[PDB]
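What follows is a single structure, written as structure tokens, with notes after it.
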Amino acid sequence: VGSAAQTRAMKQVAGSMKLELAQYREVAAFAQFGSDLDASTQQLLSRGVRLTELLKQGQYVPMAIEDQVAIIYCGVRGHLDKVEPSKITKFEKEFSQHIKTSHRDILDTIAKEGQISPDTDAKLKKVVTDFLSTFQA
Amino acid sequence: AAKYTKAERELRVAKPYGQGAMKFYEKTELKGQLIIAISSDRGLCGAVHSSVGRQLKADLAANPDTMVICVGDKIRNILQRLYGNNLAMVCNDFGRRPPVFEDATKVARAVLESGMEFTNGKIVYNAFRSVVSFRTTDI
Amino acid sequence: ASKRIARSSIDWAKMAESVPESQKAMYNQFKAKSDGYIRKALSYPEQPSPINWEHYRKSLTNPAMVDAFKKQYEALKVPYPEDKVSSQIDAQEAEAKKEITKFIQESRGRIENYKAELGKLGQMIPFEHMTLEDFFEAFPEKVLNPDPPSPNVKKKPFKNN
Amino acid sequence: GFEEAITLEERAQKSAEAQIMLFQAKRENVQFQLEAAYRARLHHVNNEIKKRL
């Protein structure tokens, strides 16, 4: 069935993640001996590691579709390139809590539009930068 | 792995030895015949003799009139079909023993007493970049 | 029962701009420490979980004990506890205000000193058409008889040891 | 350098102004702790009554 039976926000973001995971899969063979590797290939490897750590999920804790869209969107736009892959799950709890508490207007705009606007993309860029700076600086 | 561990242990001290030797030629900034090819009679070690011979083939397309002194039969096997008219000498029975200075002096005495004319030159060897990466350069 | 529900939160942005980062790195500890108590404030909201008493009344053969439990639950409605060290914060608040006033007037004094220094530089004649005596007058470091001798009278030619 | 020293003093005065909001943050931090402790007991009382039921 594919993308014919998923929401616009999830389809728009998971399409990019599917391409990036395919790119990481192609260059995963060069990580075995790649002591010296190109910056583009290192970015593909670093993005794929964050995306692989993104898909991990604990048992008996299913997630709402808005929580899934927000977490996948952060990992696919490059917000987690500075976050270590061993702290992604802790970032997943805390940043979603901050969105569910301080920036509920972003979720209301996404729910009304059904997708992610470039204006909301800029707002999500700012609140991610504010959140990572507030956690550590 | 046992041989590599022993060889890297002695390379840890024999690398600045070559740094001091090459320092004079670096300071003179002299820019370039004879070609020294370093190989061994022990094959099936990977892409060592094939890629070094490939670099030697690129020298045959750049300096076709340069005599080459090879240390190892594998380089002789690859390059005899192409440029058998431009092979000075090929050393053999080498590789099983570890390289020591006496073997180097044997090659050094071979370059001198042969009397062959040479102004510039270079030595072909596999550099040790890392555990999994080796580069073919020239000194 | 009142005062501070979880919605209350001060402006962290102005506070983060005010502190000199690692010079006041205890704020980085303080924010996380306060954030941990927000995690405790995340759990246990004001009202507890409602309980359907009628289901237990009908299921139990004798619902008199359920009625007694419900009556005692409604009777025992304890309110909020008492604030303990609010006066100490108020006392340090007054001390902070005194330190605020002391630091403000000292900074005002240093600002007036810097303004006077800039006024001196503004009124200083330019170094192009300046006589050597006027350079000595405007900069009173000077040289005279009770002065450190040197082959070239410079800023630090004397000790150098 | 004199202009920079003026701006540094301006920041120092502003940090003194934000000392009050730090105190309010400390007051809210105390109130948050007292709320989380008292409301958990209210949750614990409700769970104990449910345990009795």
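Each reported figure results from applying straightforward, stated rules to the coordinates on display, with no laboratory input. Note: ideal-geometry Cβ built from the backbone for every residue, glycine included; neighbour counts use all protein chains shown.
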(request) Compare A:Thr101, A:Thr89, A:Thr120 in a GNM of chain A, Cα atoms joined below 10 Å, and give the one with the largest fluctuation. (result) A:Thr101
(request) On a C-alpha basis, how far is the centre of region B:24-48 from the centre of region B:1-19 in Å? Whole number, if you could? (result) 17
(message) Quick check: pseudo-label points 7 Å beyond the Cα along Cα→Cβ at A:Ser35 and C:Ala96, how many nm apart are they?
(response) 5.7
(request) From the C-alpha gyration tensor of region B:41-139, pull out the three semi-axes of the equivalent ellipsoid (sqrt of 5λ each), sorted largest to smallest, in whole Å. (result) 21, 18, 14
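How big is the Kirkwood radius of chain A, worked out from every pair of different alpha carbons and given in Å to one decimal? Each step should come with its number before you reach the end.
Working: mean 1/r = 0.0622 Å⁻¹.
Hydrodynamic radius (Kirkwood, Cα pairs) of chain A is 16.1 Å.
Given charges of +1 on the Cβ of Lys and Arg and -1 on the Cβ of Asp and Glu, with all other atoms neutral, how large is the dipole of chain D about its Cα centre, in debye to the nearest 20?
Numbers: 9 positive and 8 negative charges, 192 e Å.
Roughly 920 debye for chain D.
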(message) Quick one: the Cα spread of region C:79-161 along its three principal axes, in angstroms, biggest first?
(response) 86, 38, 19
(request) State the Cα centre-to-centre distance between region C:133-160 and region B:90-115 in whole Å. (result) 73
(request) Determine the calculated [θ] at 222 nm for chain A from helices alone, applying -39500 (n - 2.57) to every DSSP H run no shorter than 4 residues and normalising by the residue count; nearest 500 deg cm²/dmol. (result) -21500 deg cm²/dmol
(message) Under a crude label model (7 Å from the Cα following the beta-carbon direction), how far is D:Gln33 from A:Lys90 in nanometres?
(response) 2.2
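Using unit Cβ charges (K, R positive; D, E negative) and no other charged atoms, how large, in debye to the nearest 20, is the dipole of region C:4-65 about its Cα centre? If you can, show how the numbers build up before the last one.
Working: 10 positive and 6 negative charges, 33 e Å.
Its charge dipole is roughly 160 debye.
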(request) Mind jotting down the distance between the C-alpha centroids of region C:1-26 and region A:94-137, whole Å? (result) 20
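Can you give the Rg to Rh ratio of region D:6-53, both from alpha-carbon atoms, with Rh computed by the Kirkwood formula? Walk me through the intermediate numbers first.
Working: Rg = 20.8 Å, Rh = 13.8 Å.
Rounded to two decimals, Rg over Rh is 1.50.
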(request) Return one number: the angle in degrees, 0 to 90 and rounded to the nearest 10, between the long axis of the Cα atoms of helix A:88-102 and the longest principal axis of the Cα atoms of chain A. (result) 20
(request) Would you compute the Debye intensity of region C:23-70 from its alpha-carbon atoms alone, equal scatterers and no solvent, and pass along log10 I(q)/I(0) at q = 0.23, 0.28 Å⁻¹ to two decimals? (result) -0.82, -0.96
(request) Quick one: angle between helix C:64-75 and the longest Cα principal axis of chain C, in degrees between 0 and 90, rounded to 10, please. (result) 30
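If you filter region A:72-137 for trypsin sites (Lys or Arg not before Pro), then keep DSSP loop positions with at most 10 other Cβ within 10 Å, what is left? Don't jump to the answer; show the numbers that get you there.
Working: sites: A:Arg77, A:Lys82, A:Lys87, A:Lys90, A:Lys93, A:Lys100, A:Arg104, A:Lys112, A:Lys123, A:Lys125, A:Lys126; in loops: A:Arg77, A:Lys82.
Taking region A:72-137 and a limit of 10 other Cβ atoms within 10 Å, the loop trypsin sites (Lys or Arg not before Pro) found are A:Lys82.
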(request) Output the direction-averaged projected area (hull surface divided by four) of the convex hull of the alpha-carbon atoms of region B:85-139, in nm². (result) 5.6
(request) Evaluate the distance, in nm, between pseudo-label points positioned 7 Å from the Cα of C:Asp134 and of A:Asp108 along their respective Cα→Cβ axes. (result) 6.9
(request) Please name whichever of B:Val13, B:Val111, B:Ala58 sits farthest to the positive end of the charge dipole of chain B, dipole taken about the Cα centre and charges placed at Cβ: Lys and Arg +1, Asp and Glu -1. (result) B:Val13
(message) Out of all DSSP beta bridges in region B:40-139, what portion is antiparallel? Express it as a percent rounded to 5.
(response) 55
(request) Could you work out how far helix A:8-26 tilts from the main Cα principal axis of chain A, as a 0 to 90 degree angle to the nearest 10? (result) 10
(request) May I ask for the equivalent-ellipsoid semi-axes of region A:41-115, computed as the square root of five times each C-alpha gyration tensor eigenvalue and listed largest first in whole Å? (result) 22, 15, 12
(request) Jot down the per residue volume, in cubic angstrom and as a whole number, of the convex hull over the alpha-carbon atoms of region C:56-117. (result) 122
(request) With a bin width of 5 angstrom, please list the P(r) values of region B:3-67 as percents of all Cα-Cα pairs, from the 0 bin to the one holding the largest distance. (result) 4, 12, 13, 16, 21, 21, 10, 3
(request) Could you give log10 I(q)/I(0) at q = 0.09 Å⁻¹ for the protein assembly as shown, computed by the Debye formula over C-alpha point scatterers of equal weight, without solvent? (result) -0.96
(message) Can you compute the helix-only [θ] at 222 nm over chain C? Use -39500 (n - 2.57) per DSSP H run of at least 4 residues, normalise by all residues, nearest 500 deg cm²/dmol.
(response) -18000 deg cm²/dmol
(message) Let me check against my output: what whole-number percent is the relative contact order of region B:48-110, with C-alpha pairs under 8 Å and at least 6 apart?
(response) 31
(message) Please compute, over every Cα-Cα pair in chain C, the percentage with a separation greater than 30 angstrom.
(response) 62
